[PDB]
Amino acid sequence: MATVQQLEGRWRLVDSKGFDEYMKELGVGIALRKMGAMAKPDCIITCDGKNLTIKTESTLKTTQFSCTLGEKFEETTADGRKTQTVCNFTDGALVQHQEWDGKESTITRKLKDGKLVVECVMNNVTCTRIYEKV
Ligand SMILES: O=C(O)c1ccccc1NC(=O)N1CCc2ccccc21
Ligand SMILES: [Cl-]
């Protein structure tokens, strides 16, 4: 018995795995990759019913989106991509699908050992983003 509300709270990055390779796959330039690779974002996740809000905060940039689960919406990512996106909660994991310019990326968010595991995949390049509850 798992629900999207299990992901709510305030989270802080504690481990990164393959993030540079994921940014390279997005085409992010060297300057922003150096900036991105030193950030330790803080994330606040809230979900009232099906209305979900994720606000990501760091010393470099603050980003946030609000959406209804299962309903598509437009999101401008931290690296500047204007994407068509939908979020679905399925099998104890929040699934975010991003499309832009004929390219796809999937971002999954799930709890593992109490840590929020964020997996970003694009063109078979997998990035793992580990957050601790604060
Ligand atoms: O970083 C992440 O784990 C992340 C995971 C999934 C989706 C977006 C992410 N990143 C993000 O939303 N932001 C906002 C500001 C900032 C600065 C530096 C690196 C990242 C970010
Ligand atoms: Cl996140």
Side-chain angles (χ1 to χ4, degrees):
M1 288 163 175
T3 195
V4 59
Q5 279 71 25
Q6 295 174 333
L7 306 186
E8 286 178 312
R10 200 159 68 78
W11 307 87
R12 181 187 140 275
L13 182 68
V14 288
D15 204 19
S16 193
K17 281 137 79 75
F19 191 63
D20 187 20
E21 305 297 331
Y22 183 72
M23 288 188 299
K24 291 177 188 172
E25 189 58 35
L26 294 174
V28 177
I30 178 175
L32 303 134
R33 292 204 316 277
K34 292 188 178 187
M35 302 300 305
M38 69 164 41
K40 297 290 186 181
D42 247 58
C43 182
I44 294 183
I45 298 179
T46 56
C47 189
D48 199 4
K50 294 210 189 299
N51 275 15
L52 168 73
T53 300
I54 302 184
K55 190 169 88 234
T56 311
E57 198 138 62
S58 72
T59 60
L60 321 174
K61 174 173 184 166
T62 292
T63 212
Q64 48 188 105
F65 70 86
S66 287
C67 69
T68 295
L69 305 184
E71 307 301 325
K72 41 188 53 183
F73 65 107
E74 188 248 297
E75 175 205 3
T76 302
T77 65
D79 56 316
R81 292 165 294 117
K82 309 270 182 180
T83 72
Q84 177 236 121
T85 305
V86 59
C87 295
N88 279 304
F89 181 81
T90 34
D91 193 11
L94 177 70
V95 177
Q96 179 176 0
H97 184 242
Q98 292 180 341
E99 277 190 311
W100 76 102
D101 206 297
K103 309 175 197 56
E104 292 196 2
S105 173
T106 306
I107 295 180
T108 312
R109 297 172 175 90
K110 63 177 181 180
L111 242 58
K112 181 182 178 181
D113 197 19
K115 277 132 289 180
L116 182 75
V117 184
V118 188
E119 298 193 41
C120 311
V121 56
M122 174 188 174
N123 296 328
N124 306 283
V125 176
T126 298
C127 162
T128 305
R129 206 76 160 160
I130 306 294
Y131 287 82
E132 77 176 343
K133 177 178 266 292
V134 304

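Throughout, residue positions are numbered sequentially from 1 according to the sequence presented. Side chains included, hydrogens not; waters and symmetry mates left out as well; all remaining heavy atoms used.
Within the structure, ring-ring contact (aromatic ring centres under 6.0 Å, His included) pairs that include any residue of residues 61-111 comprise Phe65-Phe73 (at least two apart or interchain). Annotation: salt bridge (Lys or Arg N to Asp or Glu O under 4.0 Å) contacts involving residues 104-115, sequence neighbours excluded, comprise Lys110-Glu119, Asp113-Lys115. The side chain to side chain donor-acceptor pair (under 3.5 Å) pairs that include a residue from residues 34-49 are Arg10-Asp42, where partners are two or more places apart or lie in different chains. Legend: salt bridge (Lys or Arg N to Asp or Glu O under 4.0 Å) pairs involving residues 66-91, not counting sequence neighbours, sorted by first then second residue: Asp79-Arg81.
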Practice task
Apply the test side chain to side chain contact (heavy atoms under 4.5 Å, CB included) to residues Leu94 and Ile45: give CA-CA distance (whole Å), side-chain angles for both, the deciding distance (0.1 Å), then the verdict.
Solution key: CA-CA 11 Å; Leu94 177 70; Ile45 298 179; over 6 Å; no
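Partners of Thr128 by side chain to side chain donor-acceptor pair (under 3.5 Å), not counting sequence neighbours: none found. Annotation: side chain to side chain donor-acceptor pair (under 3.5 Å) contacts of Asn51 (sequence neighbours excluded): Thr68. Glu8 is linked by a salt bridge (charged side-chain N to carboxylate O under 4.0 Å, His left out) to nothing, counting only residues two or more places apart in sequence or in another chain.
Under a 3.5 Å cut-off, the side chain of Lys61 and the backbone N or O of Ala78 do form a donor-acceptor pair.
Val117 belongs to a hydrophobic cluster with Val14, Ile130, counting contacts under 4.5 Å between side-chain heavy atoms of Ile, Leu, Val, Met, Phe, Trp and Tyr, direct or through other members. The hydrophobic cluster analysis finds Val95 isolated: no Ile, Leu, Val, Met, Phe, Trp or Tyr side chain comes under 4.5 Å of it, directly or through other members. Taking a 4.5 Å side-chain heavy-atom cut-off between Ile, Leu, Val, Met, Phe, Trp and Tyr, the cluster of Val125 contains only that residue. Membership of the apolar cluster around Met35 extends to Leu60, as traced through chained side-chain contacts below 4.5 Å between ILVMFWY residues.
Checking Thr85 against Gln98 by side-chain atom types alone, no donor-acceptor pair falls below 3.5 Å.
Here the closest non-hydrogen pair linking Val4 and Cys47 is CG1-SG, 3.7 Å. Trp11 and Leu111 make their closest contact through CH2-CD1, 3.6 Å (heavy atoms, listed as atom of the first residue, atom of the second, distance). Nearest heavy atoms, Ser58 versus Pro41: CB-CA, 4.0 Å. Smallest separation of non-hydrogen atoms from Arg129 and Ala39: NH2-O, 4.2 Å.
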Which side-chain N or O atoms in residues 19-33 pair as donor and acceptor under 3.5 Å with protein atoms at least two apart or in another chain?
{"from": "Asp20", "atom 1": "OD1", "to": "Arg33", "atom 2": "NE", "distance (Å)": "3.0"}
{"from": "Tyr22", "atom 1": "OH", "to": "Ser105", "atom 2": "OG", "distance (Å)": "2.8"}
{"from": "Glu25", "atom 1": "OE2", "to": "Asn123", "atom 2": "ND2", "distance (Å)": "2.7"}
{"from": "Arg33", "atom 1": "NH1", "to": "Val28", "atom 2": "O", "distance (Å)": "2.8"}

